[PDB]
Each structure stands twice: as C-alpha cells, then as structure tokens.
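Peer 1: One line per chain: the protein sequences are A, A' and A'', in this order. A prime marks a further copy of an entry chain. Numbered according to the entry's author numbering, the first sequence spans residues 2 to 282, 286 to 526. Numbered according to the entry's author numbering, the second sequence spans residues 2 to 282, 286 to 526. Numbered according to the entry's author numbering, the third sequence spans residues 2 to 282, 286 to 526. Every residue gets a Cβ at the ideal spot worked out from N, C-alpha and C, and that includes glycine.
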Amino acid sequence: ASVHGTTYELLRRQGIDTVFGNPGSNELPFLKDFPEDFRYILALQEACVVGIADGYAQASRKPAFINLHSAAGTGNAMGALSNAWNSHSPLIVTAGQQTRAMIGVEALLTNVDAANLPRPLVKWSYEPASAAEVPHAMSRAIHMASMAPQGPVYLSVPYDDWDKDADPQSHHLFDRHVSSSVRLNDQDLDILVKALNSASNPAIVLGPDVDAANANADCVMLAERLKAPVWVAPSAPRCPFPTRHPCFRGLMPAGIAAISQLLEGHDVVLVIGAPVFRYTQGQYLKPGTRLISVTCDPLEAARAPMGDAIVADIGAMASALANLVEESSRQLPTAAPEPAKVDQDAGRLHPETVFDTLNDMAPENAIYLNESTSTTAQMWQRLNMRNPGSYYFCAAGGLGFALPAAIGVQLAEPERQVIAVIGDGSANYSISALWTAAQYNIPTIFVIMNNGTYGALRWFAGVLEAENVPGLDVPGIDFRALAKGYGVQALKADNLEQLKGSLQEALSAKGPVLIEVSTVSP
Amino acid sequence: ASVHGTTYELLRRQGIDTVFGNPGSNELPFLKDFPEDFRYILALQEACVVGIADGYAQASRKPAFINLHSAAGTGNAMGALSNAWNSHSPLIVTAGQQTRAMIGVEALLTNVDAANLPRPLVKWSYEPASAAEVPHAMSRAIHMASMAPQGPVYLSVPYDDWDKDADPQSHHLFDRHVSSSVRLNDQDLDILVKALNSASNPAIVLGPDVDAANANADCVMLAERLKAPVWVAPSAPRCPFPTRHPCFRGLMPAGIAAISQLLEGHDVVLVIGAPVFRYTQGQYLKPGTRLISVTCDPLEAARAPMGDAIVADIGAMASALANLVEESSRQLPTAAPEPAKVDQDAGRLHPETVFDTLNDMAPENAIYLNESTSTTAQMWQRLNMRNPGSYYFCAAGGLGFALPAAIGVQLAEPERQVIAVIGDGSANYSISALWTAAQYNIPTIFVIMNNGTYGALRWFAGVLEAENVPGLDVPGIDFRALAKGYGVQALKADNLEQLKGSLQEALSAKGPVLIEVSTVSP
Amino acid sequence: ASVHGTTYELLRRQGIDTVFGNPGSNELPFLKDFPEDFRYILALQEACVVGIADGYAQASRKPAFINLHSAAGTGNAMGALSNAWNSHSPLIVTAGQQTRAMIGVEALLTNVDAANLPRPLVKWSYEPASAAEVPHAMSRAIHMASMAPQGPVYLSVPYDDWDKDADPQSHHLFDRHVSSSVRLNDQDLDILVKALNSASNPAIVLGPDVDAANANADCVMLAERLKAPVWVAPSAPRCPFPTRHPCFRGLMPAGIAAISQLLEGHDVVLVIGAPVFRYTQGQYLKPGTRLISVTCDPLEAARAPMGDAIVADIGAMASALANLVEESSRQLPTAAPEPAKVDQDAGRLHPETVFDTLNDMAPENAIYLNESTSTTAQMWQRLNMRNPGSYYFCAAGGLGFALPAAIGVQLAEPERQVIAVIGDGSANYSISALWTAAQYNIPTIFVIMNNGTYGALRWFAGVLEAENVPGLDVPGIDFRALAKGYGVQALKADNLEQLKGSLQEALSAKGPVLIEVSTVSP
Ligand SMILES: Cc1ncc(Cn2c(C)c(CCOP(=O)(O)OP(=O)(O)O)sc2=O)c(N)n1
Ligand SMILES: Cc1ncc(Cn2c(C)c(CCOP(=O)(O)OP(=O)(O)O)sc2=O)c(N)n1
Ligand SMILES: Cc1ncc(Cn2c(C)c(CCOP(=O)(O)OP(=O)(O)O)sc2=O)c(N)n1
Ligand SMILES: [Ca+2]
Ligand SMILES: [Ca+2]
Ligand SMILES: [Ca+2]
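1. Would you mind sorting A'':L303 into buried or exposed? The rule is 16 or more other CB atoms within 10 Å of its CB.
2. Please report the distance separating the alpha-carbon of A'':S525 from that of A'':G459.
3. Determine, using beta carbons only, whether A'':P119 and A'':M79 come nearer to each other than 8 angstroms.
4. Beta carbon of A:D428: closer than 7 angstroms to some heavy atom of ligand 1?
5. Using three-state DSSP, classify A'':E471 as helix, strand or coil.
6. Given 7 angstroms as the limit, tell me if A'':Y458 has its C-beta closer than that to any heavy atom belonging to ligand 3.
7. From which residue to which residue does the beta strand (DSSP E) around A:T95 run?
8. Kindly identify the DSSP beta-bridge partner or partners of A:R141.
9. Could you name the residues of chain A that A'':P159 contacts, counting a contact when the two beta carbons are closer than 9 angstroms?
10. Is the beta carbon of A':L109 within less than 7 angstroms of some heavy atom of ligand 3?
11. Going along chain A in order, which residues have a C-beta closer than 7 angstroms to the C-beta of A'':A399?
12. Quick one, which of A'':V50, A'':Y160, A'':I318 and A'':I42 has its alpha-carbon nearest A':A470's?
13. Quick one: measure Cβ to Cβ for A'':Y280 and A'':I318, integer angstroms, because I've assumed they're closer than 8 angstroms.
14. If you drop the 5 nearest sequence neighbours on each side, which residues of the same chain put their C-beta closer than 7 angstroms to that of A'':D212?
15. Please report whether the beta-carbon of A:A108 lies at a distance below 8 angstroms from any beta-carbon of chain A''.
16. Sorry if obvious, but does the Cβ on A'':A116 come closer than 7 angstroms to a heavy atom of ligand 8?
17. Do you know how far the Cα of A'':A259 is from the Cα of A':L11?
18. Just to confirm before moving on: does the CB-CB distance between A':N77 and A':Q46 stay below 8 angstroms?
19. Is it right to say A':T338 is buried, meaning 16 or more other beta carbons lie within 10 angstroms of its own, or is it exposed?
20. Taking only three categories from DSSP, how would you classify residue 283 of chain A'?
21. What residues in the segment 50-67 of chain A' have a beta carbon less than 7 angstroms from any beta carbon of chain A?
22. Between the segment 410-427 of chain A and the segment 59-72 of chain A, are three or more C-beta pairs nearer than 8 angstroms?
23. Is A:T357 near ligand 1 - that is, is its Cβ less than 7 angstroms away from at least one heavy atom of it?
24. Just to confirm the assignment, what range does the beta strand (DSSP E) spanning A'':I519 have?
25. In whole angstroms, give me the CA-to-CA distance for A':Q59 and A:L461.
26. My output table needs one value for A':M453: the three-state DSSP class, helix, strand or coil.
27. Measuring straight from C-alpha to C-alpha, what distance separates A'':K504 and A'':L476?
28. Which residue spans inside the segment 154-233 of chain A' form an unbroken beta strand (DSSP E) run of at least 3?
29. Could you confirm whether any beta carbon from chain A'' is found closer than 8 angstroms to the beta carbon of A':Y280?
30. Does the count of Cβ pairs from the segment 349-360 of chain A'' and the segment 493-509 of chain A'' closer than 8 angstroms reach three?
31. Could you check what DSSP says for A'':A400 in three-state terms: helix, strand or coil?
32. Starting from A':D312, trace the beta strand (DSSP E) both ways and give me its first and last residue.
33. Compare the C-alpha of A'':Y444 against each of A'':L193, A'':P418 and A'':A424 and name the closest.
34. Does the distance between the C-beta of A:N455 and the nearest non-hydrogen atom of ligand 1 fall short of 7 angstroms?
35. Tell whether a beta-carbon distance below 8 angstroms holds between A':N23 and A':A54.
36. Would you mind sorting A:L29 into buried or exposed? The rule is 16 or more other CB atoms within 10 Å of its CB.
Now the structure itself:
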C-alpha cells in the first residue's frame, strides 16, 4: 500500500470522512485519487477553512480534518487556531510541505521550520522524518487532537511522501482506541460529594467543556438535586445549560470584583468545564466562599488563582456527580423573570428588538452564533436556548469565527436551523466564507447587525475616557452586495416590519440567506 | 508582604522545604533571608544539582525545587532535564534573571529568551510579566510539575522582583489542592475488567510510572489474581515489581521483533505505566495478541504503534484493577530459576560476580542505581529487589544521572542503604556530585565498575562491525583520587577477596564511600 | 559516494580536520571509518567537549567541529553554548539522532524536537528531512557558523543517514567560499573619518571582536594616529589591545553611571567590536559625548541604548580606519603607571601577588584564561599582555569555560604557554576536562586560586547587605587529588616561596600541570 492509501484508511477507520481545505501544489499528491467515500469542503481563505471545520467539530463533538497549503496557508489560519485553542476544538490541521529534496535549498513553497509556525496555538506540531512515518504521525495527530483536553494539532507533510510505500505494520494503527473518559477515584469523589451535600448555599458555574461533553443534561440534574443556582462562566464560547431553567442565573460578569461579589454568600462554588476565570477589564473570592473546579485541562487547573481543582473528563465527572449527590430538601430556585421589552419605533432596530424577534420566530431547536460584540449581554438574556449545542462565540475573542463556524455547525446539524448574529465590523474578517454556504447549499442564516461602527471598541474607549482613537468606524459597506457577490440570497431590514418579513422569508428559504439589519448607533 | 515572603510561604504550604541549587548573583535576592525551616543543598555543577533533586523527587514521590543561575546554569542542567522528561520527574526548576531594567540592553548574566531555553524538555516554561505575578507563576509551576503526567517545569525570575510588594490576594494560592487521581469510568472499566477475566493467557508489562505511583503492591495482587507473567518494559528507569516474585519474568528485550515474539501466544497484554515501547536498535505484535495500555501520559498513548490506550492515573487504575478482577483458577506462574554463578578467578572481577556479591551482602531494603551500561541485563537478573523504589536508571539514557541521583535518593530515604553501580566512563559526567555527599554526610555507596573503556559502545560498534571508531577508551583515571579530592572515603577492589572486604567496610561506614572495582575488559 | 564520505570531504575541503566529541550509539555510523587525516579529541563531559572546541576556535580564529550524543549530550553542553553565543564563537555542533524509522515511536536515545533544544543559543539549528540532504545541511552549518557575526550552530543527523548514497551534485558544496569581509561604503566612511579627524578629545573602546578579527595591530595604529586613550569594553571575553601601550587605559567599569562618567569630556567615543555595553549591577552618556559603534552583530547595533552604529566586519573596518585617519598633532597619551606591589607575608597569597609573580615568570607570549571571579580587576592591571589572543574569560559569565577552553587554546597555540587562572569554585564545573589535557599531553598550566569560597558571590551579597544567603562556601576540595585522579601532575603553593618554586617547575614541565594556590579569604 502507498502512504496515501494507508493514510486515508487510517482516517476512515478513525471516523474521519470530510476534509476542509484550500488546495495548493504541495497538497496535490494527497488530494489526488480522492476517495469516493470522502467529502471535500472548499473555502476561499484559510481562516474560513478552519472556522468552518471548527464549527463542524464543536457541533459534531468529533475531530475535524483540515488541509492547508504550506506556510502562507497555515499562517492565514493562525487567528482561527487561536479561537480553537481556547475552545478545546479537536482540529487535525495538515499542511503540505515541499518535496524533501527541495526543502534544504528553500525552493518556493517551502514551509521553513514548519512545526514552529503554528506554536504556541497547538497541542502538538510535527513534521515526519520520512515518508513511511506519515501514517504513524497522522495517528499521533488524530489522538492528540481527540484526547482531553481536546485541541488543535499540526502535521506538515512533504509533497513526495504520499506516493511512497507504506509500512505494512501501519495496519496496527487503524483501530486504535484511546480513552480519556476518566473521573476522580471513588474515595476522593465520595469526599467531594459529601462536601456538596453539606453545602448550605451552593452555587454552580458551568463552562464550554460541559456543552462539548454533552454533559448539559447531567448538569441540570445536578443543579436540581443540589437546588443550586447556575451561572455560565464569563467570556462564554458555548451554552452549557437551558437558559429558561428555574436554576439558570445567566452569564457572569467578566470582572474579578464582580464575580467575587456574585459568589459572596455561597459557601461552596462548584465550577465545571470552565477556566477559573476568563476575566476581562478586587478580591478573587470573599471570605466564606470555597471554590472547587472540575476541568479537563491541566493548564486551567494550574493557573486558577484560587480554589481546589480536579483534572478529569467533564462528561464522566458530571454524570458521576449528578447521580451520587443527595436530593436537597432546600427549595428549588425560581426562574429568572423574562427580560423587559425595549421601546422600539418604526426606525432603526435596537438589538434588544432583534433578539426578541429571533426568539419569537426561530425554531425551538435553533442554534445561534454570536459575533455582535456590543450586544452579547442582551443576546444571552433574550434567547431561550433549551437544548445543548445552541450557542457559539469566538473562544479567544478572535473575530472572523462566527460566519464560517455557522456554516460548519449547519453542516454538522442539518436538521437544526443555524442563525449567526454578526456585527458589521466582524462580518468582514471572514466574509469569503459566504461562498462555501452558497456552493454546498448549506442553509445558514446570517443576521448582520449594521450600526456602522466597531461598537464594543467605542464603548470601551468611552469607559476609559480615551479620546482621539482612530479606526473605530466602518461606514460604507453593502452586505447585500457582498452576499450577492458570493451567491447568497440577501435581504435588508431597516425596521421591525422589514425584520419580521425578512426572517419569515429566511426561515422558509431553501438555501443560505443573509439579512442586513440597520441597528441603532452607539 | 514581599514577593520573597509570599513565595516561600507558598512553597512551604505546598509541601516544599528544600532547595537544590548552585547560586549566582541573579538569585541572591531570592536566597537571602533564607527561611530557617528551609534547607539548601549545594552542588558544584548544575547537572549535579538537578540530578540530586531528581533522585530526591523520584524516591520521595513529591516535587523537588531547584534554583539555578541564569542561562549558563540552566544550560548546564539541560542534559539532566532530558532524563527528567522521560522519567516524569516532578522538578520545579527556577533560574534567576537580570533585573528588569537590564534585560533589554542585555547586560551580563541576562537570560535571553529564557523560557525557550529549556524547551522542549519541560511541561511548562515561563517568565512572569511583573513582580507581583511571581507567586501566581510559582503556583502554576508547582501544579504543572505535580499533575499527571508529572514532569519538569521552568520559571525564570528577574533579580529585582523578590523585594517588591506581593498582592495580598496571593494568599488564595497557598492551600490550593489539585488532583489528577482519576481512573476510567465505571462502564468502560467494567468492560476492561471483563476482557482481563476472559483472557486465556494474559501477560502484564509494567513501566516506571507504577513505581512512581507506588502501585507495585497493587500490581502484584493483579498479577496473582490473573495468574499472569509480568515483565518490565524495556529501557527501564525504575523497578515496578518484586524481582523474585513467582510471576516475575524480568526485563524485556528492547527490540521490536524481540518483544513481539516474547508476547506471542498471549491473547491479552496489559501494559501499565510504560511507553509502548521504549525500543532500541519486525512486527509490533503477532496475530492473536491484543494490547491494552494504561498510561498517565497522553503523549505515550498517542505514539504507541499498536493497541488500545487509557490515559489515567496509574495508582488509581492499578488499585481499581487489582480489586475488581476475578481470581483466575489458572495455576500461578512458577518463579524463574536463580541465575548461574559465573566462573571467577582471583583476578579482575566479572560484573556477574559483583552483582552476586552485592546481592549477598546488601540489606534486603537496599536501593540500587545503575549507570554501568554494558552490565544492565546481568544486574536485573542478579539483584533481588523485593521493595518498591529499589532501582533507578537514567530514563533518557543520559549519563551523569546515577551519581548525583544516588545522593538525592539517599537523602530521601535515610533508612535505606543506597548503592550506585556506575561504570568508569559514566562516573565522570557528574563526578563533582561526590562533594555534596561528603559535605552533607549523605552515606551513599558508589561502586565504580572500572574496565577502562566505554564498554557498551564497543559492543554496539562490534555488532555493527563498525571499524576505526575513535574515542571509545577512557584509560588513566584514578577514582580513589577523585573521591579523595571531594572528601569521600575511597577503597579499591582488584579481586573478589578485596571486593568483599571493601563492601563489608562500606556497609559499616558512617559516611559516603566510593569503591573502585577492577572489572574484566570487553 | 556515501553521505559519510561526502560529508568528511566537505569538512576537509572547508578546512576542518578535527572533531571534538563525546561519543554515543547515534554517532557511531558517523565516527566509524574515521578518516586518517582527521583527529578526534575526546572529553569526558559535553560541557568540556564544547569548552575545549570553543578555546580552539577562538584561538585559531576558525570554526571548530563538535560531535555530541542526542539530547542528553546536547543538553549537557548548553551552558557552554551560552558562552559561545556571547563570544561569537564559530562552533559547528552536530548531534546524532535515532534512525529515522525509530523517531516517531520515540525509541530510547531519540532527540525529540531536536532543533528547538539548543535555541535560543544558536544562529541556526536544523535536522535534515532526508539522508541525501545531510551534506547540504552541513554546508549550511559551516557557513552559518563562519559568517559575521560568527556563532554556534546545531545540526541533528539521524543514525541511518550516513551509509546512504549521497547526491553527486553535492560536489558543488566542497569549494564554496563565502565572504562577509565588508566595510562601510566610501562616501559614509569618509564622513566617519572626518568626524574622527575633527574630534578634540576622542576616546576608543574595544571589544572581543577586535581580538577575534586580529584587528589588534590596526587598532593600535588607529589609537596612535588619533592620539586617543583606549579602554576595553566591560565584561571582556578577550584582550583587544596591548595592556602596556601608552594609550591603554584598562578595563572599563561595568556600571552605566561609571561608564558615562569615564567617557565624560570626550566629544567622540569610537567603540569597535563590542556590545554597547555589557553592563552589570544613571545616564548612558553625559552631554557633549557622541558615540559611534562599529559592530559585526546587528543584534548589538539594535539594542545599544545610545549612539550611531555601523554593522560591518571588524577586521575590514579597523584596517580601513587605521589607514584613512590623519595623524593628530595632539600629544600621544602617556602610559599608565605600574600597579602597586601589595604587602605580602609568608602566609596565604594575595591574588595581587599571584598575578605579579605570573607576570614576572611567564613568557612574554603567554596566553592567560580567567575564571577567578573576584580577582578580575587585579588580573587586568597586573599582567602585561603585549600580543593578540592573550586573554579569555567566559563571555556569558558561565563558569566551567576556562578549564576546558585553556586546553583548546593550548592545542591551537602549541608554541605559546597557556596559563589558566581559575578559582576553587569555578574549577569544579568542568573538572573532568583535566583528563583530556593528560591524555593528549596538552601542556596547559592550571593555577587554582583556592580561598574556600565563592568569593565574588560573598562580595556581591556584601554590597547588597544581603544576610543569611546559603551555599556560598566550598570547603573540603583537594585539587591535587583531583588532578592526580585525571593524570595531571600536581603541585601546591601555600606561600610565595612555594608559588615561585611551583611555577618554575610548571614552566619547565613537559605535560599539563595543576598548581593549587592557597589564597587569602574574603
Ligand atoms: C481578529 C480580531 N481583530 C480585531 C479585534 C478587536 N475587536 C473589534 C474590532 C471589535 C468590534 C467588532 O465590531 P462589530 O461591528 O462586529 O460589533 P459591535 O458594533 O457590536 O461591537 S470587538 C473586538 O475585540 C478582534 N477581537 N479580533
Ligand atoms: C551524556 C551522555 N553522553 C554520551 C553517551 C553515550 N554513551 C556512552 C559514552 C556509553 C559508555 C558508558 O561507559 P561506562 O564505562 O559507564 O559503562 P560500560 O563500560 O559498562 O559501557 S553508554 C552510552 O550511551 C550518553 N548516553 N550520555
Ligand atoms: C555555570 C554558573 N553557575 C553559577 C554561577 C554563579 N557564580 C559563582 C558561583 C561565582 C563564584 C566563583 O567562585 P570562584 O571560587 O571560582 O572565584 P572567586 O572566589 O574569585 O569568586 S561567580 C558567579 O557568577 C555562574 N556564573 N556560572
Ligand atoms: Ca458594529
Ligand atoms: Ca566501562
Ligand atoms: Ca574562591
């Protein structure tokens, strides 16, 4: 067998059948004779390629496979890898290298010091020392991406390796199953469970790794048994809990002081599947509050400024806890009141109005993506997200995620309507991703919130009283024309009447639709 | 509180009371006002400093703390860190940096690009962005070193940080407890246990992480219940099993083909706490053999060329398995026959004779270190090692480990006699370590096997029929004089009579003793 | 031709005939069939191997070739590479890697992420992607080490590459000549020369790159024509000027303020072949002082906090300047007065007495090395060093340089008596280097200054008024016994009478000699 043949067999045997890519000459010997059972998803730029794969991986809860071209293609994707690093997305990033004989002289298209290029944003980065090693190296990549804590990995492969003979002993790689489905030992788990049972006023904080693990339902049970309020850790990349459940208390403020005050009065705070904490912009905890973190990531456990930590699989830990804890006789928290309806005239739309309307009209199993940076708090308060996998927001804050990721999520969840709510500033970073939705008829709905400015930046500047900051406005962009350019149906909504009409049309459409919404300026 | 004060409090609260070091000006603001409850172990070279700390950490099964001087001191230790990386030794390596104001201009003693220096041989490498961050960074270092898979870590700290005010919120770091004591979920563990119960001819292979976890006794029980033969994974850095137990089958050959043949006929092979495999110098497995690996290290799981893998804590997994598996009705393996006594005249000593004599004379709870590279196989067959923590051998093959490490082990185990058996070639790499044993009266016994050559290299050259290789001989070294130079009592053994007499004296001595033994030349 | 054959031909064609090394299995296919015209210098530890090569390279003013074993051997040398980085020493460091087929599984002796190991202390670090590339990669290494600014480089080569067929087109590598012998363009050089001619009170500061370039004589002429005082840049790794020349003003203090005061009153300060500046422990310049730096290193030019800079070859620039500048009518500086003779009784020796005696007795073309850290200022004032290449001191401050480097210098300069003056603390770092001097009969003289303490550290602690610092004393070392251990003749000097007698004997000896001198304690 050839290295090409053996590698594609390893991929399929390991559950991979889709390649997200933008092609180049170094990759042609890999892409040629493309297997009939494989499917190739083309995107026009590497940030888009990885963003689509990322959404696909996160929604599917399985590794996604990416193929990029050398240094320039890999480099074009590194902003996307920054998000993937912080969302623990299992991405197998492969890039083609020059033929081995051409690397030394540094011929055009040579990826110099390839493995160092993607660092520090990868779990593992490698270029094999010989063609026959490629399947073993690919096996390593697959498992490194997939083991907890999941994350992106990088494999650089010389052009000429693919046609070479593979080692027959490579067949041992095909069916390797590696498990990181582990939880705290019985003795220590019993101690933890007793600590929870003994809490007088426990609180639960949940992060993106709960949703990644599909531990949402186990967390609901856990919160019901402990009769404990539940918050989502700040800077949330996913939604780990039903947002209308009686126990749900919403998205935490990202401030250090704000969080300590929020947790004050709670004797035991159980954090699950979140960093402690993804702060932004001053006590860590107030006296009386004990914090215990369950995390799949040693790096998270190491850097928490407070609390005990357990490094384990979130799915295994959530299931164990939900089933071991006693049913508290305490009264179950009462549901948070519905958010107020904001005054809206017949002019430009307040973001609050857009989210209310989306909540009114979207299916109950819709999936939302957020890259409307100044409206996040309102979005969380106004969308009823009952199901797991219902929310994605760039984990590292890297704009250009939501647009391509929404396409990947929709590809992964063909039966759930994806609605990406993206600001006019953010829409540009990965605008070319629209083409992929059009070409493959992936029916994502893109809601562009157009207020003509980088709103979140103006706000921040405003709080700091920072004057004379350049570059905060982005006037003069026609999103209907951009959508048309890439073959996506386009609508505009200058008022509520038009918003409702556009959504009605979009929600009945057979392909992707972009709606440009005129929103109020800050 | 000062950063100095807060950092030493973090250390002691985290169980650290000993600093292994070689001092420099960048480190003086850290070392000054040295706490009365702390103890400072000086070594004359950085390879020795880290080697001593490594032995200390491995024997104590807890992190060791190291303080080195800038780039030159850190660099002098990186060969030692290569061993530590492969033995999963929890070493907290700190190095002093220039004052922040002097880094830019690159004043003398500046550690340029400090964090990159120790990579890739560390789990974590860091230089804090400000003085107040130092305790948090130290907290990160402590936990990164200690979490499974354990390993060395590096922290670079500017001179001037120590006297600065610490953040009062740093007190939250003091009592943080982080656990990686996890094992496979109940459901999947039950499946594994059924697979073991169902095996017709199971075999067990154990690596250094068993001994690190003190899982030895649980592994004995596991092997007795399964009635299974037990081997030690190749290139063994530690001894994970009693070498005279009926089930014990010895050290595996490091060859790929050799191991597949050894495992042939065994339907299920359970590997615990070892890489799969640390080969040297050709099927991975023969048909009929299924391999399952339990490892604390994702990197090990990823790179195994065959078998399933479970990434979990070795102590937790060994205990769970030993207690869950059924008692097989199969007949317990019978003990391997004692090794033959080799012909010995009244002249130079055959290594076989030295090990027999050591086994005859040493206490039953002796601890051995090996850096006699051409005699390893004989050592394993001839020393009865009943207890855990009884054997150490450089995990990466880096010579200069055993001599200092034997001092650290003896410091950690004051009641167990340490006997380091070290070749004449290997003895030189970290010769200056002798001084530390002398100065602190650490009563290690050093047995120098002197055959005047790099024997293992001559052998290897011989197998390859490689001719005209320079640099394989090391004549003209007087180890009694070197020992005298560093203040260690010294004896010579030119024959068996003298070997017995020297050992009798050494085993009754009140301080360190070096015995130079004249061994047969290859 | 084989890769082995082609590589050794490339080496010899490029002027390399000596390999400094400590061998291992990964290196045997390289070392076997060792060419008859090549010579192999064995050292017992890697810090010693590189230190010897470093001294050899610096004295010979040509690249030295090193061969080390994998990660552990490379790591053992990185402290030595820190010195080499700061002295711009052209060292070609090669290390053997596992066979290509064994790298992936990570067999014993695998150098993981090899190229990253030596960074950031190398100009260039590489592992070839195939056997046939090895000669081209070696060509790259040779030229990278040799081009200005010279420095160490690293090449990692898999075991199995050596026996493979070489590309016949590799013959084009053999006679490649690369030049960096460049200087400022005529127009700008004329401007510089006019600036020097126009100076009313010019000063010259010279660094190690002058001595490396053998630009010493041109600098003398330059200083005579400009009638300008000449200082040596602080933390001096070499001596760039005759120390008794009328213009010579000695070693600069390393303080920022100290240097600005020293240069005050000088309208133009010309720095040649030095970083600006290698400070330690506050105006950079005082008003009225203009600084112009000529440096072979862009990194030096970039990081100078003041002055203009020209990045050019020091030899070419010094020659051009010396020949272009006008002969100033100013009166030539008068020679600095001889240093005072310090009171000396019949007891322990004051360092001042040792240096006076050395100056009295040593040949006028002696070469000195310094690693007696508390006596540097006295050494500079008391040794008359008339010739180039007469002084070496660890460029990065990394102790363990002088002892092995003195052996390499003596090997490079067989007709010039090398005298290494090394403190009792420093002597231990690379003590095993003594063996190489003994084995190859390299007649270096080692003067051990024994005061029982890390004197420079006690002094520094004293200035900072830092109390309770551990680890500053090193009692109980017998240097005569250590020398005996490694086969070097040994003498002791407890007083002046014995010092003179020992030196007389050493200076008449036919082999290496170590003299242990009892010096006054701080
Ligand atoms: C790749 C990238 N570039 C720049 C930014 C900085 N940035 C920028 C440019 C923001 C404004 C986004 O504007 P928008 O129109 O998408 O949304 P709002 O008007 O609601 O803020 S939010 C923010 O963090 C970023 N986060 N990521
Ligand atoms: C730091 C380092 N340098 C070089 C080697 C290479 N090497 C060397 C030099 C060996 C010979 C050790 O000789 P010895 O006298 O200690 O023992 P034997 O004579 O029994 O082999 S074994 C081996 O792998 C190494 N492993 N580690
Ligand atoms: C490799 C390394 N380790 C530690 C130091 C720190 N250090 C040490 C340990 C010094 C004392 C050297 O003592 P000595 O006996 O050689 O000389 P003095 O007594 O004259 O200082 S000078 C100094 O910078 C260093 N520079 N390099
Ligand atoms: Ca906007
Ligand atoms: Ca030997
Ligand atoms: Ca001293």
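Peer 2: With the given structure in hand:
1. exposed
2. 8 angstroms
3. yes
4. yes
5. coil
6. yes
7. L92 to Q98
8. Answer is none; A:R141 lacks a bridge partner.
9. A130 and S131
10. no
11. Result: empty, since nearest Cβ-Cβ is about 27 angstroms, beyond 7 angstroms.
12. A'':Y160
13. 21 angstroms between Cβ atoms; not a contact.
14. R239, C240, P241, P392 and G393
15. no
16. For the structure depicted, ligand 8 is absent and the ligand set comprises only ligand 1, ligand 2, ligand 3, ligand 4, ligand 5 and ligand 6.
17. 39 angstroms
18. yes
19. exposed
20. Chain A' lacks coordinates between 282 and 286, the interval that contains residue 283 of chain A'.
21. none
22. yes
23. no
24. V517 to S522
25. 52 angstroms
26. strand
27. 30 angstroms
28. 154-159, 183-185, 204-207 and 231-233
29. yes
30. yes
31. coil
32. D312 to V315
33. A'':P418
34. yes
35. no
36. exposed
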